[PDB]
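Structure record follows, encoded as structure tokens.
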Amino acid sequence: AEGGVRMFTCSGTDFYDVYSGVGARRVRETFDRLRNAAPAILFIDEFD
Amino acid sequence: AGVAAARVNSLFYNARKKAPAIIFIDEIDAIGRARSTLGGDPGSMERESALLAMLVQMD
């Protein structure tokens with residue numbers, strides 16, 4: 001808010017699903033969305 | 001493989017369709033058991049998938 005920037009968020013669960021090969025396209029797409037929507041800050045909970 | 005997560009999905013779906021409701025998972029010791037450090041087991045794999053499906057579904 002005070003930085004005045006769009007906020008994107010996620011979670012540690014939806015990405016660590018075991019459907020094989022899906023994670024690569026997922027992270028690729030979300031990062032490209034960040035890039036074309038930058039500046040922005042991706043908050044991600046339970047990164048571990 | 002993939003059976004436990006799909007069963008949890010089916011259960012929570014037919015539950016959330018009929019809200020308000022109550023679910024009762026007796027003896028969660030086999031599902032919410034802590035994720036170990038090693039052990040290459042397909043049963044361990046299915047436990048992990050069921051656990052995180054449970055987690056995201058109550059999410």
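Following the order of the structure tokens, first chain is A, next is B, and so on, with residues numbered from 1 inside each chain and ligands from 1 in the order they appear.
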At most 10 Å is the cut-off: for each residue in chain A with any atom that close to an atom of chain B, write down the nearest atom pair and the distance in Å rounded to one decimal, counting only C-alpha atoms, chain first then increasing number, as a Markdown table.
```
| residue | atom | partner | partner_atom | distance |
| --- | --- | --- | --- | --- |
| A:11 | CA | B:56 | CA | 9.4 |
| A:12 | CA | B:56 | CA | 9.5 |
| A:13 | CA | B:56 | CA | 6.3 |
| A:14 | CA | B:56 | CA | 7.4 |
| A:16 | CA | B:52 | CA | 8.4 |
| A:17 | CA | B:49 | CA | 7.2 |
| A:18 | CA | B:49 | CA | 6.9 |
| A:19 | CA | B:2 | CA | 9.2 |
```
Write a file of the selected residues as a PDB file, in the first residue's frame, keeping C-alpha atoms.
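What ended up in selection_36.pdb:
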```pdb
ATOM      1  CA  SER A  11       0.389 -20.422  -1.393  1.00  0.00           C
ATOM      2  CA  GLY A  12       2.693 -23.371  -0.877  1.00  0.00           C
ATOM      3  CA  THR A  13      -0.084 -25.871  -1.585  1.00  0.00           C
ATOM      4  CA  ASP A  14      -1.478 -25.222  -5.070  1.00  0.00           C
ATOM      5  CA  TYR A  16       3.296 -28.507  -4.688  1.00  0.00           C
ATOM      6  CA  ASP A  17       0.471 -30.679  -6.077  1.00  0.00           C
ATOM      7  CA  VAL A  18       1.989 -33.936  -7.454  1.00  0.00           C
ATOM      8  CA  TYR A  19       0.503 -33.627 -10.986  1.00  0.00           C
TER       9      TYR A  19
END
```
Residues within 9 Å of residue 8 (chain B), only C-alpha atoms, excluding chain neighbours under 2 positions, as a PyMOL selection string: chain B and resi 3-6+10-13+50+53-54+57
Report as a list in words all protein, DNA and RNA residues lying within 12 Å of residue 27 (chain A), evaluated on only C-alpha atoms, omitting residues in the same chain fewer than 5 positions from it. residues 10, 14, 15, 16, 21, 22, 32, 33, 34 and 42 of chain A
Give me, as a PyMOL selection string, the residues of chain A that a backbone DSSP run labels helix (DSSP H, G or I). chain A and resi 12-15+22-37
The selected residues should be written to file as a compact mmCIF listing (two decimals), in the first residue's frame (atoms: N, CA and C atoms).
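Resulting contents of result29.txt:
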```txt
# COMPACT_ATOMS: atom_id res chain seq x y z
N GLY A 12 1.81 -22.24 -0.68
CA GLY A 12 2.69 -23.37 -0.88
C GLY A 12 1.99 -24.64 -1.32
N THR A 13 0.66 -24.65 -1.32
CA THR A 13 -0.08 -25.87 -1.58
C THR A 13 -0.38 -26.06 -3.07
N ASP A 14 -0.98 -25.05 -3.71
CA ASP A 14 -1.48 -25.22 -5.07
C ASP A 14 -0.36 -25.58 -6.04
N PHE A 15 0.87 -25.24 -5.65
CA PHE A 15 2.02 -25.45 -6.57
C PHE A 15 2.67 -26.78 -6.28
N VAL A 22 3.50 -29.98 -14.12
CA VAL A 22 2.60 -28.80 -14.19
C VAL A 22 3.32 -27.61 -13.55
N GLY A 23 4.18 -27.87 -12.56
CA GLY A 23 4.78 -26.75 -11.85
C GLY A 23 5.60 -25.84 -12.74
N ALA A 24 6.34 -26.42 -13.69
CA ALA A 24 7.19 -25.61 -14.57
C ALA A 24 6.38 -24.57 -15.34
N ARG A 25 5.32 -25.00 -16.03
CA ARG A 25 4.47 -24.05 -16.73
C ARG A 25 3.81 -23.07 -15.78
N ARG A 26 3.45 -23.53 -14.58
CA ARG A 26 2.81 -22.64 -13.61
C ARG A 26 3.72 -21.49 -13.22
N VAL A 27 4.96 -21.80 -12.83
CA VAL A 27 5.88 -20.75 -12.40
C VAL A 27 6.28 -19.87 -13.57
N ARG A 28 6.49 -20.48 -14.75
CA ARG A 28 6.75 -19.68 -15.95
C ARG A 28 5.66 -18.65 -16.17
N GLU A 29 4.40 -19.09 -16.15
CA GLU A 29 3.30 -18.20 -16.47
C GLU A 29 3.13 -17.12 -15.41
N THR A 30 3.21 -17.50 -14.12
CA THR A 30 3.03 -16.49 -13.09
C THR A 30 4.15 -15.46 -13.12
N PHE A 31 5.37 -15.88 -13.43
CA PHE A 31 6.45 -14.90 -13.52
C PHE A 31 6.30 -14.00 -14.73
N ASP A 32 5.85 -14.54 -15.86
CA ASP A 32 5.62 -13.70 -17.02
C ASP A 32 4.50 -12.70 -16.76
N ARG A 33 3.47 -13.11 -16.02
CA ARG A 33 2.43 -12.18 -15.62
C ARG A 33 2.98 -11.08 -14.73
N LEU A 34 3.82 -11.44 -13.76
CA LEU A 34 4.49 -10.43 -12.95
C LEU A 34 5.27 -9.45 -13.82
N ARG A 35 6.05 -9.97 -14.77
CA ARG A 35 6.90 -9.13 -15.60
C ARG A 35 6.08 -8.15 -16.42
N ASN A 36 5.03 -8.63 -17.07
CA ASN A 36 4.20 -7.75 -17.87
C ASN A 36 3.30 -6.86 -17.03
N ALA A 37 3.17 -7.15 -15.73
CA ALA A 37 2.38 -6.34 -14.82
C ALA A 37 3.24 -5.57 -13.82
```
Taking 3 positions as the minimum chain separation for residues in the same chain, which residues sit within 7 Å of residue 31 (chain B) when counting only C-alpha atoms? Answer as a list in words. residues 28, 47, 50 and 51 of chain B
Could you work out how far CA of residue 14 (chain B) lies from CA of residue 44 (chain B), giving the answer in Å with one decimal? 26.3 Å
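Of note, CA of residue 42 (chain B) and CA of residue 1 (chain B) are spaced 7.4 Å apart.
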So how many Å separate CA of residue 44 (chain A) and CA of residue 7 (chain A), to one decimal? 10.9 Å
